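Residues per chain are reported as follows:
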Amino acid sequence: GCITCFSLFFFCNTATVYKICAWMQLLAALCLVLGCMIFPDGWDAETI
Amino acid sequence: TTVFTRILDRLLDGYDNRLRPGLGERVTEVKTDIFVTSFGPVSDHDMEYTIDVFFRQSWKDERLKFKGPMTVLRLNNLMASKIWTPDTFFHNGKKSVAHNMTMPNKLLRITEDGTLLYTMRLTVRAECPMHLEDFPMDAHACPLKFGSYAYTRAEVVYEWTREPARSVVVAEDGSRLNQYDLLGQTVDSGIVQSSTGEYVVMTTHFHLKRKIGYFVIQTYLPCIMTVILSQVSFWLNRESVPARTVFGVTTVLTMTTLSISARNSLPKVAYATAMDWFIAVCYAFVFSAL
Amino acid sequence: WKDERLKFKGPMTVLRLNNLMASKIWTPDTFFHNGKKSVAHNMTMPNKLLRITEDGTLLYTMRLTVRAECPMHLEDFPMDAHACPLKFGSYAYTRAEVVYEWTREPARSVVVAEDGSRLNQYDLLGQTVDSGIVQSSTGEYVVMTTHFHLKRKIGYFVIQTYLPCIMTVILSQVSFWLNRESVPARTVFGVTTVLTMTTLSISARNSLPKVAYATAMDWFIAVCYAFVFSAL
Amino acid sequence: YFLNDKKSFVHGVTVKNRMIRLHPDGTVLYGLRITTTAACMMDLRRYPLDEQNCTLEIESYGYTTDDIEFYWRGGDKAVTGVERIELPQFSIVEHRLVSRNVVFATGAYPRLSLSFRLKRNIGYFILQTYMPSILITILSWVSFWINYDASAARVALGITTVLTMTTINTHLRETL
Amino acid sequence: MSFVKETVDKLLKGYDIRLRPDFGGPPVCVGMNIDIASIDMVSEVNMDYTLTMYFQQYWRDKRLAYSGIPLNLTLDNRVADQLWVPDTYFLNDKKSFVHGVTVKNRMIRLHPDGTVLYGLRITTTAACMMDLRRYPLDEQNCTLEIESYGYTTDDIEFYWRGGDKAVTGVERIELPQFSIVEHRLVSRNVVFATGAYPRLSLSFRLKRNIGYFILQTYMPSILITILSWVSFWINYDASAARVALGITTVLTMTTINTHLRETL
Amino acid sequence: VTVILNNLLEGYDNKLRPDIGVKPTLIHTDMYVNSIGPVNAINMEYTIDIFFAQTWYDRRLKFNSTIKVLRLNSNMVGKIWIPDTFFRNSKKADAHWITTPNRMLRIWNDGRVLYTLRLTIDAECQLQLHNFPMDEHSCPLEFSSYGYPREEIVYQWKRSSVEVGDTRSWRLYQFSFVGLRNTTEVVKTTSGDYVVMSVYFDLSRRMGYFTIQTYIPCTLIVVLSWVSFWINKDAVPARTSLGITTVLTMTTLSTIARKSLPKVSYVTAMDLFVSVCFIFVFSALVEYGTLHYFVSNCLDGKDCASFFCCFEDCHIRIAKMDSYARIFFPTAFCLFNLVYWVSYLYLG
Amino acid sequence: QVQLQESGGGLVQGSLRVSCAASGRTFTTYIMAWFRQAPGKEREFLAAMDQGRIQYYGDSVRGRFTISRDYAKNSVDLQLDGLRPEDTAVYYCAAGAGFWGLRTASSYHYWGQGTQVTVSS
Ligand SMILES: *[C@@H]1O[C@H](CO)[C@@H](O[C@@H]2O[C@H](CO)[C@@H](O[C@@H]3O[C@H](CO[C@H]4O[C@H](CO[C@H]5O[C@H](CO)[C@@H](O)[C@H](O)[C@@H]5O)[C@@H](O)[C@H](O[C@H]5O[C@H](CO)[C@@H](O)[C@H](O)[C@@H]5O[C@H]5O[C@H](CO)[C@@H](O)[C@H](O)[C@@H]5O)[C@@H]4O)[C@@H](O)[C@H](O[C@H]4O[C@H](CO)[C@@H](O)[C@H](O)[C@@H]4O[C@H]4O[C@H](CO)[C@@H](O)[C@H](O)[C@@H]4O[C@H]4O[C@H](CO)[C@@H](O)[C@H](O)[C@@H]4O)[C@@H]3O)[C@H](O)[C@H]2NC(C)=O)[C@H](O)[C@H]1NC(C)=O
Ligand SMILES: CCCCCCCC/C=C/CCCCCCCC(=O)O[C@H](COC(=O)CCCCCCCCCCCCCCC)COP(=O)(O)OC[C@@H](O)CO
Ligand SMILES: CCCCCCCC/C=C\CCCCCCCC(=O)O[C@H](COC(=O)CCCCCCCCCCCCCCC)COP(=O)(O)OC[C@@H](O)CO
Ligand SMILES: CCCCCCCC/C=C\CCCCCCCC(=O)O[C@H](COC(=O)CCCCCCCCCCCCCCC)COP(=O)(O)OC[C@@H](O)CO
Ligand SMILES: CCCCCCCC/C=C\CCCCCCCC(=O)O[C@H](COC(=O)CCCCCCCCCCCCCCC)COP(=O)(O)OC[C@@H](O)CO
Ligand SMILES: *[C@@H]1O[C@H](CO)[C@@H](O[C@@H]2O[C@H](CO)[C@@H](O[C@@H]3O[C@H](CO[C@H]4O[C@H](CO)[C@@H](O)[C@H](O)[C@@H]4O)[C@@H](O)[C@H](O)[C@@H]3O)[C@H](O)[C@H]2NC(C)=O)[C@H](O)[C@H]1NC(C)=O
Ligand SMILES: *[C@@H]1O[C@H](CO)[C@@H](O[C@@H]2O[C@H](CO)[C@@H](O[C@@H]3O[C@H](CO)[C@@H](O)[C@H](O)[C@@H]3O)[C@H](O)[C@H]2NC(C)=O)[C@H](O)[C@H]1NC(C)=O
Ligand SMILES: CCCCCCCCCCCC(=O)OC[C@H](COP(=O)([O-])O)OC(=O)CCCCCCCCCCC
Ligand SMILES: CCCCCCCCCCCCCCCC(=O)O
Ligand SMILES: CCCCCCCCCCCCCCCC(=O)O
Ligand SMILES: *[C@@H]1O[C@H](CO)[C@@H](O)[C@H](O)[C@H]1NC(C)=O
Ligand SMILES: CCCCCC
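What counts as what
Residues numbered from 1 in each chain as written, not as in the entry; some residues may be left out. Chains lettered and ligands numbered in written order. Part of a larger assembly, values for the part shown. Heavy atoms only, no water. Helix = DSSP H or I, 4+ residues; strand = E, 2+ residues; numbered from the N terminus. Rg over C-alpha atoms; globule rule 2.2 N^0.38 Å. Contact = heavy atoms within 4.5 Å. Areas by Shrake-Rupley, 256 points an atom, 1.4 Å probe, with all protein chains shown as cover. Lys, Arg positive; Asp, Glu negative; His and termini not counted. Charge placed at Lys NZ, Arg CZ, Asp CG, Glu CD. Buried < 20%, exposed > 50% of the residue type's maximum accessible area, 1.4 Å probe, protein only. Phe/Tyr/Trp six-rings, centres within 6.5 Å; stacked < 30°, edge-to-face > 60°. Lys NZ or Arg CZ within 6 Å of the ring centre and 35° of its normal. Buried area = accessible area lost by both parts, 1.4 Å probe. Salt bridge = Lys/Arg side-chain N within 4 Å of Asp/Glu carboxyl O. Polar contact = N/O pair within 3.5 Å; in protein donor to acceptor, adjacent residues only side chain to side chain. Nonpolar A, V, L, I, M, F, W, Y, C, P; charged D, E, K, R; others polar. Disulfide = S-S within 2.5 Å. Arc of directions from axis to C-beta. Core = buried A, V, L, I, M, F, W, Y, C linked by side-chain atoms within 4.5 Å. Axes fitted to C-alpha atoms, helices over the stretch in contact; angles between N-to-C directions. Parallel < 35°, antiparallel > 145°, perpendicular 65-115°, else oblique. Pairing = 2+ DSSP bridges. Near = heavy atom within 4 Å.

A. How the structure looks around the overall build of chain D. A tally of helices and strands in chain D yields two helices and seven strands. When the elements of chain D are put in sequence order from the N terminus, they spell out β-β-β-β-β-β-β-α-α. A compact globule built from 176 residues would reach a C-alpha radius of gyration of about 16 Å, whereas chain D, at 27 Å, exceeds it by more than 25%. The dimensions of chain D, computed from C-alpha atoms along their principal axes, are 95 × 45 × 25 Å. Taking the intrachain contacts of chain D between residues at least 6 apart in sequence as the baseline, contacts between residues at least 24 apart amount to 59%. Summed over all atoms, the accessible surface of chain D reaches about 10300 Å², with 56% contributed by carbon and sulfur. Charged side chains of chain D number 19 positive and 16 negative; the gap between the two group centres comes to 4 Å.

B. Looking closely at the overall build of chain A. Helices and strands together make up the secondary structure of chain A, namely two helices and zero strands. The proportion of buried residues among the 48 residues of chain A is 17%. Entry remark: accessible area of chain A is about 3800 Å², with carbon and sulfur atoms responsible for 75%.

C. The arrangement of the chains, seen in detail. There are eight pairs of chains in contact here, and the one with the most contacts is chains E and F. Between chain F and chain G there is no contact; the minimum C-alpha to C-alpha separation amounts to 39 Å.

D. Quick look at the packing of aromatic side chains. Throughout the structure, instances matching the rule amount to 87 aromatic pairs over all chains. Every member of this aromatic cluster is reached through a ring pair, and the members are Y215, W226, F229, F273, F280, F329, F333, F336, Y340, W341 and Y344 of chain F. The ring of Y151 of chain E has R74 of chain B lying over it, and the distance from NZ or CZ to the ring centre is 3.8 Å. Over the ring of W111 of chain G we find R43 of chain G, and its NZ or CZ is 4.1 Å from the ring centre.

E. A look at the interface of chain F and chain E. With 62 residues of chain F at the interface, the matching set in chain E holds 65 residues. A per-residue breakdown of the area chain F buries against chain E is headed by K15, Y146 and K263 of chain F, which together make up 15% of the total. On the surface where chain F and chain E come into contact, there are zero salt bridges. On the surface where chain F and chain E come into contact, there are 16 residue pairs in polar contact. At the level of elements, β4 (85-87), β5 (90-95), β7 (112-124), α3 (236-254) and α4 (269-296) of chain F are the ones that each hand at least two residues to the side of chain F that touches chain E. The greatest single-element share of the side of chain F that touches chain E, amounting to ten residues, is contributed by α4 of chain F. Its residues placed into classes, the side of chain F that touches chain E shows 29 nonpolar, 18 polar and 15 charged.

F. Highlighting the state of the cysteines. One pass over the structure, following the stated rule, counts seven disulfides over all chains. Bridging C40 of chain D to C54 of chain D, the disulfide has an S-S length of 2.0 Å. One quick way to see it: the torsion about the S-S bond of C40 of chain D and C54 of chain D is about -75 degrees, and its sign makes the bridge left-handed. In this pair, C40 of chain D sits in the loop between β4 (34-38) and β5 (51-59) while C54 of chain D sits in strand β5, placing the two residues 14 residues apart along the sequence. Of the residues examined, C54 of chain D reaches a relative accessible area of 14% and is grouped as buried. A disulfide bridge connects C125 of chain F with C139 of chain F, and the sulfur atoms are separated by 2.0 Å. The disulfide joining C125 of chain F to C139 of chain F has a torsion of about -80 degrees about its S-S bond and is therefore left-handed. Of this pair, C125 of chain F sits in the loop between β7 and β8 (136-145) while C139 of chain F sits in strand β8, and the two are 14 residues apart along the sequence. Comparing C125 of chain F with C139 of chain F, the two get one shared label, buried. Its sulfur unpaired, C224 of chain C is 5.3 Å from the next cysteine sulfur, which belongs to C165 of chain C. Classification of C224 of chain C by relative accessible area gives buried; the value is 7%.

G. Region of interest: the interface of chain C and chain D. With 33 residues of chain C in contact, the opposing surface of chain D contributes 28 residues. Interface area, chain C with chain D, both sides summed: about 2600 Å², of which 64% is carbon and sulfur. Run the count over chain C and chain D and you get one salt bridge. Note that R63 of chain C and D5 of chain D form a salt bridge whose closest N and O atoms lie 2.5 Å from each other. The interface formed by chain C and chain D holds ten residue pairs in polar contact in total. Those elements that place two or more of their residues in the side of chain C that touches chain D are β4 (48-53), β5 (58-62), α2 (155-174) and α3 (183-206) of chain C. Take the side of chain C that touches chain D: its biggest share by element is 13 residues, from α3 of chain C.

H. Quick look at the pattern of salt bridges. According to the stated counting rule, one finds 68 salt bridges over all chains in the structure shown. Here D58 of chain F and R60 of chain F are joined by a salt bridge, their closest N and O atoms 3.0 Å apart. Taking relative accessible area as the criterion, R60 of chain F reaches 19% and is therefore assigned buried. Through salt bridges that share partners, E139, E182, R184 and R205 of chain E make up one connected network.

I. Quick look at the environment of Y271 of chain B. All names here are of chain B. Relative to the assigned elements, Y271 resides in the loop between α4 (241-264) and α5 (274-289). In this structure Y271 comes out as partly exposed when scored by relative accessible area, which is 30%. A polar contact of 3.1 Å, which involves the side chain of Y271, links it to the side chain of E133.

J. Up close: helix α1 (residues 2-11) of chain B. All names here are of chain B. Taken as a whole, α1 has its buried residues at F4, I7, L8 and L11. All buried residues of α1 fall inside an arc of 100 degrees around its axis, so they share one side. Across α1 from its buried face, at more than 90 degrees, point the exposed residues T2 and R10.

K. Structural view of the nonpolar core. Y46 and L105 of chain F are the most contacted members of the largest nonpolar core, which totals 124 residues. Not counting chain neighbours up to four residues away, the residues in contact with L105 of chain F comprise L70, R71, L72, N73, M76, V77, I80, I82, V113, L114 and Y115 of chain F. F4, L108, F146 and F206 of chain B belong to the second-largest nonpolar core, a separate cluster that totals 95 residues.

L. Molecular detail of the packing of helix α4 (residues 216-231) of chain C against helix α2 (residues 208-226) of chain F. Where α4 of chain C contacts α2 of chain F, the two axes come as close as 11 Å, and the packing angle between them is 0 degrees. The pairing of α4 of chain C with α2 of chain F is recorded here as roughly parallel in orientation. Facing α4 of chain C, whose interface residues are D218, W219, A222, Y225 and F229 of chain C, α2 of chain F presents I212, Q213, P217, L220, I221, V223 and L224 of chain F. Across the contact of α4 of chain C with α2 of chain F, the residue classes tally to ten nonpolar, one polar and one charged.

M. Structural view of the packing of α4 of chain F against helix α5 (residues 321-347) of chain F. Residues and elements named next belong to chain F. Two numbers describe how α4 lies on α5: the axes approach to 12 Å, and their chain directions differ by 170 degrees. Comparing their axes, α5 and α4 come out roughly antiparallel. Together, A269, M270, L272, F273, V276, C277, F280, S283, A284, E287, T290 and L291 of α4 and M321, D322, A325, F329, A332, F333, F336, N337, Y340, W341 and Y344 of α5 make up the contact between the two elements. Here the residues of the contact of α4 with α5 sort into 18 nonpolar, three polar and two charged.

N. Summary view of the sheet that holds β8 of chain F. Residues and elements named next belong to chain F. In space, the four strands of this open sheet follow the order β4-β8-β11-β10, with antiparallel pairing throughout. Every interior strand has two partners, whereas the edge strands, β4 and β10 (175-188), have only one. Each adjacent strand pair in this sheet contributes to an overall mean axis angle of 20 degrees, direction not counted. In this sheet, strand β11 (residues 193-205) lies alongside β8 in antiparallel orientation, the contact comprising eight bridges. By the bridge assignment, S138 is partnered in β11 with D202.

O. Structural context of the site of ligand 10. Residue and element names in this part refer to chain F. In the vicinity of ligand 10, the contacting residues are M207, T211, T219, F333, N337 and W341. Alone, ligand 10 offers 540 Å² of accessible surface; in the complex the protein occludes 58% of this. Elements with a minimum of two residues in the shell around ligand 10: α2 and α5. Per-element accounting of the shell around ligand 10 gives the leading share, three residues, to α5. Here the shell around ligand 10 is composed, by residue class, of three nonpolar, three polar and no charged.

Here it is as structure tokens:
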């Protein structure tokens, strides 16, 4: 979505789009951290 | 012990299975009855229906009398095929199956007095002609008719073991119908005068009534709502020419789609059903609104 | 064929045998190489006839419903043509043991009935009759081959598929002749012609064998769809 | 045997539905109960306003007229039950019987033929295939009574009528 | 190899197929095993399901006991036509067959103590009553009922060989539409006037998968309804736009409904 | 020669395998695949026609003579011992009996028996239809002796194990025959341990029909949905009709996505592509609806409201939503296609 | 309209034949039956014949009355033999698919005028 929001650089003010990707990348990083922390929790599975 | 094998070996001595019991001096009387384990699907496309039955007949053959400590004698299928049994067949059958898994699903018991009891497990597809004038509001009486193929009325006569109503017993769980409801059975007997002679025909009639809720929710109600949209066209201001034209023509297209879908899932009938008349009137109403 | 063991003499000249006795005599183990589930009719009785001439010549006639494989390459559908084969020969006996031949000249030994064409889709142009040898791990086998040439009928697809697609494309191009200010009207042409082409494409593809490669009709429909999209 | 059959079988429940009846004079009656699918070449160019002509041919496999002859016992009353037939989509207009010797080059072979002339019933098609097409064609003429300037209305009407005809044709191709 | 030949010939010499093991004695106990190769089809219309299995029956026959050959004699399956075997049959069956390629998929194995193992590869269509009022959110229950046609409990008795582990291969079954939540084995004696007849019952509980209907039925309808709500935000005077949107949403819902009617 | 056959059949018990007490009976198997029939993905099965040949040794059938080989039709096949071979994953299999039984039996003087027959098998193949129509499968055909465990019958593959014909005369509509392989395993059952052998045929689906029929039309419908963004605002009937009728066209197109497949309860690649395109057209229509509605009517630098969340003015600029959607929608669709196609072709 | 005309005698000292001709609809697939009503208002089943040419009879008139159908003419005939004084009644011709019936008048939708029969000794 941020790579898509690179398109907004034509019209919108540069600062607000930079902040939009900033918040979007921060949220993406938070999701990636949550995934990496939750993934070892599932190692108890009978297949694993 | 030796008594069983001796009686089994000595029963068929001089027995001619080409001749019916009491040939030329009496009429072979067959007491028959049926236990319907499941009233199979009814295919209105093919005008047929499947039925699984424990079909058991009984008669008397004095040629097979015997004496011993035992009053009942079980015959294996090889020997059961070596003696005369009725040539019962289903008049309106299309393709019936005698079950053979794991061994022939039939049994033959003999009493010391010569009474034979012959039980079979069968799956019979039978013709059910249908009057679809009042479809989907219609009801039918699908028949199941059987009798001797070769022996006329003066040689073999079939009868019901018990009262005819109680001689065809349907299992409580044995109603495998999606479209219909099995209201009940009517058991009867009659005579057919064929080109070869008179024959006794034992008949059952299973009474079926089609369920209507599916056609109400799928066809009647959406068609009525489409028509109601067609009259709702009238309440828009007359100056909305493109709006009302689009409304009418797209309502006609919707009605056409509904008609196609309604008929696509139905048997290929020539004359018109009640569903067809309702759909045609709905066409007329949307067309007249436009 | 000829069987010296079955020679007989008498007032007769031809003696026909019933099925029980015919099953007690060697007959060729002919089978159809490209065959499938095939039927040997026995209504009311086995449709077979074995006859022996006084000099041991056996004639064996059967009535069969052969279901045979016709490999089809439907790239040119519906303008395609095919040569459906019918190959047969001995199963167990190699070329050194059993050899097949045609009773007459090869062209005249496979005779098609005048009114036997039960074809709806195709037209039977003709037949080609030949013979050959097929190699195998077991050995060489004689194979008698026929090839029936079939040409598909095009008129149904013309009236049902090609003509409505062409007319839809013409309708899409008709939008160019209206004034530019009729924006809803020309939008309605464009999108409804797209929807009509979609419906026609789905219908045309529905009644066609489920091949994963593109046929000629698929290319025609794709180009028409592109034309309608371009008009919009 | 039946020359034009494709798949036939004698019914076999509860036993093989055969009948042998010997008469004192020596006459033998041999009865079978047979369900047979028989080929019928149909000319459907006038479909659904078409009459079909379906026959059953009965021949001897390996006997000529000097060894066996066929005839229809009872004459025209040989075949019964046709009057009691009501097909879902056809109506049997007439049935005919003919006995003849096919003069094949080796020798003459007997043959019987039972023909039926079916006539298709059209109320289905009239009520369902012709009526909506006629109504949609009539609705397409409504555009002529609308003003020229009303572009959106006339265009929507015409193109949606075209779409409806396309839908009818495609789905009728699928169903038929 | 010869000594086996005389031993087998002696066993089959004088054998009476008509007489069960211990004809005058107690009932012969017949254990049963099933190995489910596959559950092929589940027809809601016909209300049945197809099932391929290796069905094995174990019993004891003193007539077939032999000594001097310490190994189990796996005989050609044709010998099954000469030996007595139970008259088992599947009560809720509609159409079944024992496979026949390359030879009849049948097994006879004798044991030195007289134990007979009799195996058959059977594909059976079995009727299964279905209650589809909650379809596609329905949990069906489909069973196979095994019974003796002629013999009552005095003559024959059934049991599941290995107990709850008698039927195997259920966990390896994959069904695209269903998931086998669990299976159960029951052994009982149905009581009638004639007598108590033994019966075994295999049962499966099938949970219909919902994802197919989520993607094909529910999400399109929800999205089309949400689009139909868009008219409320369009201006009142835009009659052509709002009417076109509403009537085309109605047409789209009709199209979805009819297509689902055809495919399902 | 009849004397030889009569002598061989004398004192012969076909119920007993050769070497019943001595050693396992070794069998050498060969297959010639005439045609791998169509792959029926609905029932998860595929048809295959084979010439199946088995070679073994029978000491009882040794004969001393100058003939050195007896070549025979099916007549004696029932008179001798034959292996109990059956196909484990065969839903339905049939032999061939027209004109006569399609079987062959050859017996050499040293006791070697070769037994060949033609078979048509409808073999089960559980297809994992993820990545459809980019899916590839390796459908097996397994067989083993029904009754005889590994200690009694052992199969062995020969050098020319499985042979194939042209492979252009085969009935494969959807797939292309990629390759072949053979394997031997020992499978434990309640009866015992059995020498199972499998032949895996590798198949890959063709995408030409799916490319022409659903991928390209769905993409074009998405582009036509984008065309609404260039239509002038206040052309309300035109834009509304365009959006909703493109939605209807996607609804029509999505029907044929699953016509070939069974009712699997997971999203295939085709389903995902169609779903994403549907969301794209839905989003275009919702975008126009929103635009029309809103137009008709401590030490880093500063603080946690100006160094982040833009709470100084921001909505205001909604009139330019078409300008954003003109480039946002093609960018989102192009990025989706780049991740979509790279994922299903190269990474996995 | 669908009508079922009846024809036959009304007086006999005897043997009689009562015919029934149906007009307005083809009853080839329907069951055609005869009913009797003596004075006292009680309707009695006599005979019925099916599309399969299967003849059902009532116990009171089994072996005496014979029912036949001419499907080409779309008519049903009843031959009455061994008449008695107690057989005097009005005879009705009926047609209709036998639902819950084949022996009950409620299952028949079509009926005719009826024909009077009297026997004097
Ligand atoms: C419940 O009930 C069902 C039956 O309703 C039962 O199923 C039945 O099982 C039996 C086996 O137990 C099975 O019988 C055998 O069939 C073999 C031949 O094929 C027959 O089937 C094929 C195909 O059938 C399948 O078709 C479909 C799939 O393709 C589908 O419906 C099914 O899957 C079905 O199985 C069919 O094409 C054949 O048609 C004919 O050709 C045969 C050629 O061999 C011939 O035998 C048949 O009679 C028949 O020919 C007549 O009909 C045709 C037209 O159809 C006419 O053209 C002919 O002129 C004839 O009129 C068959 O129907 C067959 O090989 C087996 O025969 C052998 O049986 C034993 C074997 O040891 C011997 O006692 C026999 O003698 C015989 O063996 C001899 O022949 C073979 C073949 O050459 C040799 O290899 C042997 O060495 C041996 O040779 C010796 O003896 C002969 C004399 O006998 C001598 O001449 C030789 O020189 C030599 O000395 C056997 O008959 C039956 O088909 C099947 N019925 C079905 C399914 O419909 C269930 O099992 C029951 N339930 C349970 C669970 O038990
Ligand atoms: C303005 C101009 C005026 C024009 C005039 C308009 C007139 C309005 C027409 C009404 C049609 C009446 C149809 C009723 C026909 C009689 C059918 C009937 O007896 O009702 C039940 C069927 O319905 C059913 O359950 C199926 C359920 C259908 C109802 C579903 C709720 C829809 C809610 C949406 C609103 C609906 C109302 C709108 C009407 C315009 C019978 O089944 P039952 O129980 O015995 O056993 C279970 C079942 O599975 C077997 O029947
Ligand atoms: C394989 C994956 C493919 C990835 C492809 C991704 C492509 C995604 C789509 C469009 C990108 C659009 C980029 C447009 C950037 C053009 C920005 C521009 O015009 O220049 C100025 C600088 O902006 C800026 O510093 C912002 C810098 C933007 C940088 C983003 C573009 C770089 C793309 C380089 C491609 C590398 C690929 C290599 C992959 C291995 C801003 O203007 P301006 O002052 O007048 O406005 C002020 C106000 O008053 C009115 O706008
Ligand atoms: C409104 C005015 C009134 C018009 C009234 C006319 C109405 C519409 C026309 C015809 C309807 C007749 C029914 C259609 C019948 C089908 C036509 C037909 O029979 O001829 C076919 C020719 O195919 C073929 O050349 C294939 C070609 C089909 C015709 C189309 C090709 C030219 C399209 C160029 C695009 C221009 C775009 C316009 C841009 C300005 C085959 O026959 P042939 O004997 O060989 O048997 C071969 C054997 O396989 C069975 O057919
Ligand atoms: C062409 C159409 C256009 C595309 C459609 C629009 C795009 C929609 C976007 C994302 C959703 C995609 C979902 C894809 C399907 C997901 C299906 C799935 O895998 O999850 C299921 C769970 O369902 C579940 O608990 C769900 C249980 C049902 C709960 C009700 C859900 C209805 C929605 C609730 C309101 C949401 C409001 C938001 C509205 C926008 C698993 O169980 P199921 O047995 O199947 O596995 C059998 C397994 O065991 C076989 O091995
Ligand atoms: C196609 O139709 C043919 C007839 O139109 C079918 O041929 C008939 O096949 C059945 C069984 O398939 C035969 O009936 C059986 O015969 C066996 C053997 O009997 C013979 O052997 C005994 C003992 O050696 C001997 O005593 C007899 O006289 C025979 O020589 C027995 O088990 C029973 O009798 C059983 O009825 C018919 O006999 C046979 N017809 C004729 C005229 O022989 C053919 O099977 C059909 N094709 C199929 C089903 O695929
Ligand atoms: C002939 O067949 C019989 C019957 O299958 C064989 O008897 C059985 O052989 C199995 C396998 O060795 C035995 O299983 C085992 O049981 C022991 C003791 O419980 C356990 O320690 C092992 O781990 C294994 O689970 C089984 O007990 C035995 N007896 C039965 C089933 O009654 C026999 O061995 C076979 N003989 C030959 C020569 O193949
Ligand atoms: C079938 C494919 C056809 C593709 C044809 C694309 C031609 C578009 C050329 C754009 C011309 C242009 O720059 O003027 C339009 C606006 C300028 O803003 P405005 O003042 O006109 O509202 O410009 C913009 O602000 C955005 C213009 C759009 C740029 C992105 C185009 C991507 C097209 C690829 C579609 C697959
Ligand atoms: C449930 C979603 C339906 C689709 C609605 C699309 C058009 C929505 C436009 C914006 C709605 C929110 C604005 C609220 C402002 C107000 O109070 O009116
Ligand atoms: C121009 C905007 C759209 C961008 C997406 C373009 C790609 C459309 C997908 C076309 C299907 C291509 C099929 C690739 C697989 C193949 O042909 O082997
Ligand atoms: C089949 O197996 C044999 C022996 O195991 C081997 O030589 C041959 O290469 C195999 N076939 C293949 C890999 O295609
Ligand atoms: C300008 C010509 C466009 C053609 C589209 C196929």
